[PDB]
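Read the single chain below, which is given as structure tokens and is the form deposited in one PDB entry.
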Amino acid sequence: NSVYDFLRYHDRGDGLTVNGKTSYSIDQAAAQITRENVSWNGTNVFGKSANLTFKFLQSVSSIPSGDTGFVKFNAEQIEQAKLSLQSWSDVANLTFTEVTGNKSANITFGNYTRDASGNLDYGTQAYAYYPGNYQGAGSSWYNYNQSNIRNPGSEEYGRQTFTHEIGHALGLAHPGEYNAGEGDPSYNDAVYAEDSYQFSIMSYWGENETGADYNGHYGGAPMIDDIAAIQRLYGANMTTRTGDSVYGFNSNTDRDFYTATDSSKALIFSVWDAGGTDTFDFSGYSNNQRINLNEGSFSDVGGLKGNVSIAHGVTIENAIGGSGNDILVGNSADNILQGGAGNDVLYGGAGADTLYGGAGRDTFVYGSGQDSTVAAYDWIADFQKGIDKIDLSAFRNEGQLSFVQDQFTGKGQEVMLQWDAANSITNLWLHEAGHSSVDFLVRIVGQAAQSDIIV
């Protein structure tokens, strides 16, 4: 039943209540984040692309906030800021072009170090201005007295702050009515339950407020609701990673937040992918992981909780677990699932899936007849007789499954294992109640015993 619960991991909307707060769906959160109804295309303009310019100020006549002690961006800030911009243009129909000299720009970057009174400010972090035609519109500012701001490449909060402020400069607002300086807001003030770093980088609250746990890390890229929100304003970018993309270990994304170079690296991201056959490669971790390929769902990767999610409108096809005891849940597409070492639970779901339990005592689960129809049957390519198991207990709801040796009686709800000596393939047939013909089939590359089947 671990599959059942995991499938409902972090359910939202549908009149639910989480943490005593109203639960919002991705779109409701996205609408809330774009409530200011402002973008670089104007007010109340949705689904329209934009070609924007950005500039690293070398000097200023004044900072629109009144803050003083201007300091230009250093090399590392410049590189990290470009990565943040890229994480936004990757998902929304936006293009960023740098301008220098006297040319004006839609989005600007600059640091400050003192307040209007001329006193050192080592307490604040950063802020930005919404798009518009007013003086300073789209400008973003950061406190140079903060080490995370000076070293955004080594201090994760810095990079996250860049992405956050750029979010404002693009038209995104905090999930709720609250802002630094104004009193002392908290998650208790959140308009909806999903107002945390787990769903939006535009939030003020840690992922822990929603049950997630990134072990002190900060994802520096747009999360699931941020993606929906930014696309609501500028449209989705359908040209991003349209080939076969691999996320996690052995990544070919050339994106730091989608890449893990070794087991000690933390992964925190919401994936946007516009095409191809893709893979969630989390093979380098030894932690027990829970991987869900359903769009909009969250996964527990590398020892963290709720650190990985799939954006709405995205189809990820494959997943590879680690040496831990994992749970891999596929989607309606044809998935290739690899559990790796450890005792894993694989659930292909709808579609013709190919499953590899890997080393260990693995379990291949089937929740219904639609999971492996004859017209699009599953393949279990490395089944180990007497070690792995095939769970068909879900069929009990319509009558306890009975085993038959070489013939079906017709009473339905019977399971048969057929050995193909010539090809060394075992065909698992299931004649379901209500079905006039045998419509369930799982082909197995290897031998299987009646005692390997759970009914």
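The first residue of the shown sequence is 1; numbering continues from there.
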Of 183-191 and 199-207, which one has the bigger average CA B-factor? 183-191
Stretch with higher mean Cα temperature factor, 74-82 vs 101-109, is 101-109
Could you say which of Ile63, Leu428, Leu57, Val45 has its CA atom at the highest B factor, as listed in the PDB entry? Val45
Please rank the C-alpha B-factors of the chain's modelled residues and tell me whether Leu337 sits in the lowest, middle or highest third. lowest
Chain thirds of CA B-factor: placement of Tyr178: highest
Lowest, middle or highest third - CA B-factor, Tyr130: middle
Sorting the chain's modelled residues by C-alpha B-factor and splitting them into thirds places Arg114 in the lowest
C-alpha B factor of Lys265, ranked within the chain: lowest, middle or highest third? highest
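Another form exists, solved in complex with a partner chain; not displayed. Remarks below refer to it.
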In this chain shown alone, the residue from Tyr366, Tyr258, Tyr127, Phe73 with a heavy atom within 4.5 Å of the partner chain in the deposited complex is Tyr127
The single option of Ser309, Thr161, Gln289, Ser87 touching the partner chain in the deposited complex, heavy atom within 4.5 Å: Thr161
Heavy atom contact within 4.5 Å of the partner chain in the deposited complex, the stretch among 259-267, 337-345, 119-127, 219-227: 119-127
Taking the partner chain as it sits in the deposited complex, is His168 near enough to touch it, meaning that at least one heavy atom pair lies within 4.5 angstroms? yes
